[PDB]
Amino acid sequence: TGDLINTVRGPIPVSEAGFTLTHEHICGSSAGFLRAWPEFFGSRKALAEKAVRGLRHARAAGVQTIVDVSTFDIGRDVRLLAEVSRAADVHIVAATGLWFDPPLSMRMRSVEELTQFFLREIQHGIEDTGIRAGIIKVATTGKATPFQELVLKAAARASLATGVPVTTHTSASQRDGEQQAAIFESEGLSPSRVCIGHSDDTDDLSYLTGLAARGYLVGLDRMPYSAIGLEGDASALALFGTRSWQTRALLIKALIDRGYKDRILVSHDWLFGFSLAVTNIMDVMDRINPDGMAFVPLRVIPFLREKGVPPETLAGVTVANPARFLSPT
(Lines of atoms letter the chains of each structure in order from A and count residues from 1; the text may use other names and numbers.)
(Lines give C-alpha, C1' and ligand atoms only; values in the text may rest on other atoms or scores of the structure.)
Protein backbone atom coordinates (compact mmCIF):
# COMPACT_ATOMS: atom_id res chain seq x y z
CA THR A 1 0.00 0.00 0.00
CA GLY A 2 0.82 3.60 -0.76
CA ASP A 3 3.62 3.19 -3.34
CA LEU A 4 2.68 4.47 -6.72
CA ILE A 5 3.58 3.74 -10.26
CA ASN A 6 2.86 5.93 -13.18
CA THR A 7 0.67 4.47 -15.91
CA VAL A 8 -0.55 5.94 -19.22
CA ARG A 9 -3.82 6.60 -17.49
CA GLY A 10 -2.28 8.16 -14.47
CA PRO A 11 -0.90 6.92 -11.16
CA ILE A 12 -1.89 3.63 -9.52
CA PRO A 13 -1.07 1.88 -6.24
CA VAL A 14 1.75 -0.67 -6.76
CA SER A 15 -0.56 -3.28 -5.17
CA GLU A 16 -3.01 -2.81 -8.00
CA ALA A 17 -0.56 -3.79 -10.73
CA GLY A 18 -1.33 -7.50 -10.18
CA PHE A 19 -0.22 -10.09 -12.75
CA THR A 20 2.19 -7.93 -14.75
CA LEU A 21 4.01 -8.55 -18.09
CA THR A 22 7.15 -6.59 -17.86
CA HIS A 23 8.39 -6.58 -21.51
CA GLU A 24 5.76 -5.90 -24.09
CA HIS A 25 4.78 -3.60 -26.94
CA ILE A 26 1.52 -2.36 -28.40
CA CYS A 27 3.36 -1.49 -31.62
CA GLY A 28 6.94 -1.97 -32.70
CA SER A 29 7.67 0.95 -34.95
CA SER A 30 9.76 4.11 -35.43
CA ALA A 31 9.33 7.66 -34.32
CA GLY A 32 6.63 9.46 -36.28
CA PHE A 33 5.90 6.44 -38.46
CA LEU A 34 2.46 5.77 -37.18
CA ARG A 35 1.53 9.45 -37.75
CA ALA A 36 3.02 9.55 -41.26
CA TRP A 37 1.87 6.22 -42.65
CA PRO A 38 -1.04 4.82 -40.62
CA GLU A 39 -2.20 2.82 -43.68
CA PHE A 40 0.81 0.57 -43.17
CA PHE A 41 -1.20 -0.93 -40.29
CA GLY A 42 -4.48 -0.90 -42.19
CA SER A 43 -5.39 2.21 -40.21
CA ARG A 44 -4.74 3.61 -36.83
CA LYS A 45 -8.22 2.52 -35.88
CA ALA A 46 -7.52 -1.05 -37.01
CA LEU A 47 -4.36 -1.20 -34.99
CA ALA A 48 -6.08 0.00 -31.85
CA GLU A 49 -8.96 -2.48 -32.26
CA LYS A 50 -6.46 -5.31 -32.63
CA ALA A 51 -4.57 -4.20 -29.53
CA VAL A 52 -7.80 -3.95 -27.57
CA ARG A 53 -8.86 -7.48 -28.66
CA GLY A 54 -5.43 -8.72 -27.73
CA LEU A 55 -5.35 -7.07 -24.35
CA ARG A 56 -8.91 -8.12 -23.54
CA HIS A 57 -7.73 -11.64 -24.15
CA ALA A 58 -4.71 -11.26 -21.90
CA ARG A 59 -6.92 -9.80 -19.26
CA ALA A 60 -9.38 -12.70 -19.37
CA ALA A 61 -6.26 -14.95 -18.76
CA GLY A 62 -5.42 -12.93 -15.71
CA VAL A 63 -3.06 -10.23 -16.93
CA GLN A 64 -3.74 -6.91 -15.24
CA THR A 65 -0.75 -4.85 -16.25
CA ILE A 66 1.84 -4.61 -19.03
CA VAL A 67 4.90 -2.55 -19.41
CA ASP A 68 5.23 -1.23 -22.81
CA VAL A 69 8.98 -0.91 -23.21
CA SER A 70 8.69 1.06 -26.43
CA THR A 71 10.94 4.01 -26.49
CA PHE A 72 10.83 7.09 -28.65
CA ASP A 73 12.82 5.10 -31.26
CA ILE A 74 10.46 2.16 -31.14
CA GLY A 75 7.80 4.66 -32.22
CA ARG A 76 5.98 4.77 -28.91
CA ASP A 77 2.69 6.58 -29.15
CA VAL A 78 1.49 7.36 -25.64
CA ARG A 79 -1.94 8.44 -26.87
CA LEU A 80 -2.43 5.07 -28.46
CA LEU A 81 -1.43 3.30 -25.31
CA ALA A 82 -3.79 5.33 -23.18
CA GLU A 83 -6.60 4.67 -25.55
CA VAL A 84 -6.06 0.92 -25.65
CA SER A 85 -5.48 0.67 -21.92
CA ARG A 86 -8.77 2.35 -21.20
CA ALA A 87 -10.67 0.27 -23.67
CA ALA A 88 -9.13 -3.06 -22.58
CA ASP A 89 -9.16 -2.23 -18.92
CA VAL A 90 -5.49 -3.25 -18.68
CA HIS A 91 -2.92 -0.91 -17.08
CA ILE A 92 0.02 0.10 -19.30
CA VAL A 93 3.26 1.49 -17.94
CA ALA A 94 5.11 3.58 -20.55
CA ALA A 95 8.89 3.77 -21.11
CA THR A 96 11.56 6.34 -21.74
CA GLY A 97 15.09 5.55 -22.92
CA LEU A 98 16.50 4.53 -26.21
CA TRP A 99 16.67 1.37 -28.24
CA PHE A 100 19.24 0.49 -30.93
CA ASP A 101 17.64 2.53 -33.70
CA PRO A 102 18.26 6.04 -32.46
CA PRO A 103 18.19 8.79 -35.03
CA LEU A 104 21.03 11.21 -35.44
CA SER A 105 19.29 13.86 -33.43
CA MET A 106 19.75 11.51 -30.47
CA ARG A 107 23.11 10.05 -31.45
CA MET A 108 24.62 13.57 -31.42
CA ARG A 109 23.66 14.19 -27.83
CA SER A 110 25.85 14.26 -24.79
CA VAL A 111 25.35 12.20 -21.71
CA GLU A 112 24.07 15.22 -19.91
CA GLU A 113 21.58 15.97 -22.62
CA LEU A 114 20.33 12.37 -22.66
CA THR A 115 19.88 12.52 -18.93
CA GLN A 116 17.65 15.58 -19.26
CA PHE A 117 15.62 13.87 -21.97
CA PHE A 118 14.96 10.75 -19.84
CA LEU A 119 14.09 12.88 -16.83
CA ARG A 120 11.68 15.02 -18.83
CA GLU A 121 9.79 11.92 -19.88
CA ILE A 122 9.76 10.68 -16.30
CA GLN A 123 9.22 13.85 -14.25
CA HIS A 124 7.30 16.08 -16.68
CA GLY A 125 5.66 13.88 -19.28
CA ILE A 126 6.00 12.52 -22.74
CA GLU A 127 5.57 14.97 -25.58
CA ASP A 128 2.78 17.36 -24.60
CA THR A 129 0.78 14.67 -22.79
CA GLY A 130 1.50 14.79 -19.13
CA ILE A 131 1.90 11.00 -19.34
CA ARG A 132 4.89 9.92 -17.34
CA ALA A 133 7.25 7.06 -17.97
CA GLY A 134 7.48 4.35 -15.40
CA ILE A 135 10.57 2.68 -16.74
CA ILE A 136 13.74 3.31 -18.74
CA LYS A 137 14.65 1.03 -21.64
CA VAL A 138 18.16 0.74 -23.03
CA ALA A 139 19.95 -1.57 -25.40
CA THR A 140 23.07 -3.21 -26.75
CA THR A 141 23.68 -5.77 -29.41
CA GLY A 142 26.96 -7.18 -28.39
CA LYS A 143 29.53 -4.91 -26.97
CA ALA A 144 28.29 -1.41 -26.41
CA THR A 145 28.89 1.25 -28.99
CA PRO A 146 30.30 4.46 -27.45
CA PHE A 147 26.88 6.13 -27.80
CA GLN A 148 25.28 3.12 -26.17
CA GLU A 149 27.57 3.62 -23.16
CA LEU A 150 26.32 7.20 -22.78
CA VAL A 151 22.78 5.95 -22.97
CA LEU A 152 23.35 3.35 -20.27
CA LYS A 153 24.93 5.97 -18.07
CA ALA A 154 22.21 8.55 -18.63
CA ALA A 155 19.78 5.77 -17.87
CA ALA A 156 21.53 5.09 -14.56
CA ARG A 157 21.59 8.77 -13.72
CA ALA A 158 17.91 9.17 -14.41
CA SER A 159 17.16 6.12 -12.31
CA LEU A 160 19.10 7.39 -9.33
CA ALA A 161 17.17 10.66 -9.48
CA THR A 162 13.74 9.10 -9.79
CA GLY A 163 13.73 5.55 -8.41
CA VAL A 164 12.32 4.34 -11.72
CA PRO A 165 13.86 1.04 -12.90
CA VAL A 166 15.95 0.21 -15.94
CA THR A 167 15.33 -2.65 -18.38
CA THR A 168 17.47 -3.87 -21.19
CA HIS A 169 17.68 -5.46 -24.58
CA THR A 170 20.58 -7.82 -25.03
CA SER A 171 22.21 -10.06 -27.46
CA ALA A 172 21.94 -12.80 -24.86
CA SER A 173 24.26 -15.24 -26.53
CA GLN A 174 26.96 -12.57 -26.43
CA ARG A 175 26.43 -12.08 -22.77
CA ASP A 176 25.84 -8.31 -22.94
CA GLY A 177 24.54 -8.21 -19.38
CA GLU A 178 27.98 -8.45 -17.98
CA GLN A 179 29.08 -5.21 -19.69
CA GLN A 180 25.78 -3.51 -19.02
CA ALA A 181 26.10 -4.42 -15.34
CA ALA A 182 29.58 -3.01 -15.10
CA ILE A 183 28.50 0.28 -16.59
CA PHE A 184 25.44 0.57 -14.39
CA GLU A 185 27.58 -0.28 -11.35
CA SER A 186 30.11 2.32 -12.40
CA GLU A 187 27.29 4.86 -12.15
CA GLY A 188 26.32 3.55 -8.77
CA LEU A 189 22.95 1.99 -9.65
CA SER A 190 21.71 -0.80 -7.56
CA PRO A 191 21.31 -4.08 -9.56
CA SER A 192 17.86 -4.47 -8.01
CA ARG A 193 16.79 -1.55 -10.12
CA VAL A 194 17.91 -3.38 -13.27
CA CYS A 195 16.50 -6.10 -15.56
CA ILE A 196 18.71 -7.76 -18.11
CA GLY A 197 16.38 -8.55 -20.95
CA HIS A 198 16.04 -11.30 -23.48
CA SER A 199 17.95 -13.54 -21.15
CA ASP A 200 15.76 -16.51 -22.24
CA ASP A 201 17.48 -16.28 -25.65
CA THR A 202 20.31 -18.33 -24.11
CA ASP A 203 20.60 -21.50 -22.07
CA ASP A 204 23.86 -20.37 -20.46
CA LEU A 205 22.96 -20.65 -16.77
CA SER A 206 26.42 -19.68 -15.80
CA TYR A 207 25.79 -16.27 -17.30
CA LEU A 208 22.26 -16.10 -15.89
CA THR A 209 23.01 -17.23 -12.37
CA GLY A 210 26.00 -14.92 -12.26
CA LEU A 211 23.71 -12.01 -12.94
CA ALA A 212 21.06 -13.22 -10.50
CA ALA A 213 23.64 -13.69 -7.75
CA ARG A 214 24.63 -10.00 -8.10
CA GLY A 215 21.02 -9.04 -7.57
CA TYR A 216 19.96 -8.29 -11.11
CA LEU A 217 16.52 -9.12 -12.36
CA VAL A 218 16.69 -11.58 -15.23
CA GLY A 219 14.12 -11.08 -17.98
CA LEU A 220 12.82 -14.19 -19.57
CA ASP A 221 10.68 -12.13 -21.82
CA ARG A 222 10.40 -14.00 -25.35
CA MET A 223 8.45 -16.98 -24.14
CA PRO A 224 6.35 -17.59 -27.32
CA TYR A 225 9.18 -17.10 -29.80
CA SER A 226 10.05 -20.18 -31.81
CA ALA A 227 10.64 -20.70 -35.51
CA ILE A 228 10.04 -24.45 -35.28
CA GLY A 229 7.95 -25.90 -38.12
CA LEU A 230 8.71 -22.67 -40.02
CA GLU A 231 12.12 -23.71 -41.07
CA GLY A 232 11.33 -22.30 -44.51
CA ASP A 233 11.27 -18.65 -43.59
CA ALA A 234 14.76 -17.21 -43.14
CA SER A 235 13.55 -13.98 -41.71
CA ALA A 236 11.59 -15.83 -39.03
CA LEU A 237 14.50 -18.04 -38.25
CA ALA A 238 16.71 -15.15 -37.17
CA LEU A 239 13.98 -13.39 -35.38
CA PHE A 240 12.47 -16.35 -33.47
CA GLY A 241 15.20 -19.02 -32.98
CA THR A 242 15.14 -22.78 -32.93
CA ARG A 243 14.34 -23.20 -29.28
CA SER A 244 10.83 -24.21 -28.23
CA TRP A 245 8.67 -22.31 -25.78
CA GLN A 246 9.10 -25.22 -23.39
CA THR A 247 12.84 -24.87 -23.55
CA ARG A 248 12.51 -21.21 -22.79
CA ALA A 249 9.99 -21.95 -20.01
CA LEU A 250 12.33 -24.47 -18.36
CA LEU A 251 14.73 -21.68 -17.66
CA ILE A 252 12.25 -20.16 -15.21
CA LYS A 253 12.23 -23.46 -13.31
CA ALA A 254 16.00 -23.68 -13.57
CA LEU A 255 16.40 -20.35 -11.84
CA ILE A 256 13.86 -21.16 -9.18
CA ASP A 257 15.74 -24.38 -8.60
CA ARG A 258 18.95 -22.47 -8.12
CA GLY A 259 17.28 -20.26 -5.53
CA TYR A 260 16.61 -17.22 -7.66
CA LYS A 261 12.86 -17.14 -7.77
CA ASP A 262 12.88 -13.55 -6.51
CA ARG A 263 15.09 -12.47 -9.39
CA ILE A 264 12.92 -13.51 -12.31
CA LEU A 265 10.79 -11.39 -14.62
CA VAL A 266 8.57 -13.08 -17.21
CA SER A 267 7.19 -11.82 -20.50
CA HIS A 268 6.37 -12.24 -24.17
CA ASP A 269 7.85 -9.33 -26.01
CA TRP A 270 4.73 -9.39 -28.06
CA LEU A 271 3.18 -6.65 -30.16
CA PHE A 272 0.12 -5.93 -32.15
CA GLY A 273 1.83 -3.92 -34.87
CA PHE A 274 5.31 -4.44 -36.32
CA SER A 275 6.86 -2.00 -38.86
CA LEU A 276 10.42 -2.64 -37.69
CA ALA A 277 10.26 -5.83 -39.66
CA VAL A 278 9.43 -6.98 -43.08
CA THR A 279 5.77 -6.78 -43.87
CA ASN A 280 4.77 -10.42 -43.49
CA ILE A 281 6.32 -10.90 -40.09
CA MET A 282 3.26 -9.69 -38.07
CA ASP A 283 1.01 -12.33 -39.59
CA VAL A 284 3.55 -15.09 -39.26
CA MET A 285 3.79 -14.21 -35.61
CA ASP A 286 0.04 -14.25 -35.09
CA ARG A 287 -0.13 -17.71 -36.68
CA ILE A 288 2.51 -19.06 -34.31
CA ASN A 289 1.01 -17.47 -31.19
CA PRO A 290 -2.63 -16.61 -31.64
CA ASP A 291 -2.93 -16.25 -27.88
CA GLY A 292 -0.65 -13.26 -27.96
CA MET A 293 -0.16 -11.80 -24.50
CA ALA A 294 -2.37 -14.55 -23.09
CA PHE A 295 0.34 -17.11 -23.86
CA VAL A 296 2.16 -16.89 -20.59
CA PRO A 297 -0.84 -17.44 -18.29
CA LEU A 298 -2.38 -19.98 -20.69
CA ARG A 299 0.64 -22.15 -21.51
CA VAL A 300 3.67 -21.16 -19.39
CA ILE A 301 2.23 -21.06 -15.86
CA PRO A 302 0.45 -24.41 -16.25
CA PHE A 303 3.58 -25.99 -17.67
CA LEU A 304 5.53 -24.82 -14.66
CA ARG A 305 2.81 -25.95 -12.33
CA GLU A 306 2.83 -29.42 -13.95
CA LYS A 307 6.58 -29.53 -13.47
CA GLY A 308 6.13 -28.93 -9.80
CA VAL A 309 6.66 -25.25 -9.34
CA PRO A 310 4.39 -24.20 -6.57
CA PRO A 311 1.57 -21.85 -7.21
CA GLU A 312 2.82 -19.41 -4.58
CA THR A 313 6.18 -19.33 -6.29
CA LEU A 314 4.44 -18.67 -9.55
CA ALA A 315 2.59 -15.81 -7.90
CA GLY A 316 5.76 -14.30 -6.55
CA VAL A 317 7.24 -14.29 -9.99
CA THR A 318 4.25 -12.77 -11.81
CA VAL A 319 3.10 -10.31 -9.14
CA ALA A 320 5.56 -9.71 -6.35
CA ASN A 321 8.67 -9.43 -8.57
CA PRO A 322 7.15 -6.89 -10.96
CA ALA A 323 5.70 -4.89 -8.06
CA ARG A 324 9.07 -4.72 -6.34
CA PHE A 325 10.82 -3.84 -9.63
CA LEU A 326 8.37 -1.10 -10.65
CA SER A 327 8.07 0.56 -7.30
CA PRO A 328 10.18 3.73 -7.40
CA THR A 329 13.03 2.89 -5.10
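So that there is no doubt, residue numbering starts at 1 and follows the sequence shown.
Stretch with the greater mean C-alpha B-factor as recorded in the entry, comparing 27-35 against 273-281: Taking the mean C-alpha B-factor of 27-35 and of 273-281, the larger value falls to 273-281.
Stretch with the greater mean C-alpha B-factor as recorded in the entry, comparing 124-132 against 141-149: Of 141-149 and 124-132, the stretch with the higher C-alpha B-factor average is 141-149.
C-alpha B-factor winner, where the candidates are 76, 248, 91, 109: It is 109.
Residue selected from 196, 87, 255, 230 by maximal Cα B factor: Answer for 196, 87, 255, 230: 230, with the highest C-alpha B-factor.
Residue 173 by Cα B-factor - lowest, middle or highest third of the modelled chain: Residue 173: CA B-factor falls in the highest third of its chain.
Third of the chain, ranked by Cα B-factor, where residue 100 sits: Highest third.
CA B-factor ranking of residue 65, expressed as a third of its chain: Ranked within chain, residue 65 CA B lands in the lowest tercile.
Chain third (lowest, middle, highest) by recorded CA B-factor, residue given as residue 296: Lowest third - that is where residue 296 ends up once the chain's C-alpha B-factors are sorted.
Third of chain Cα B-factors occupied by residue 8: Tercile = lowest for this residue's CA B-factor.
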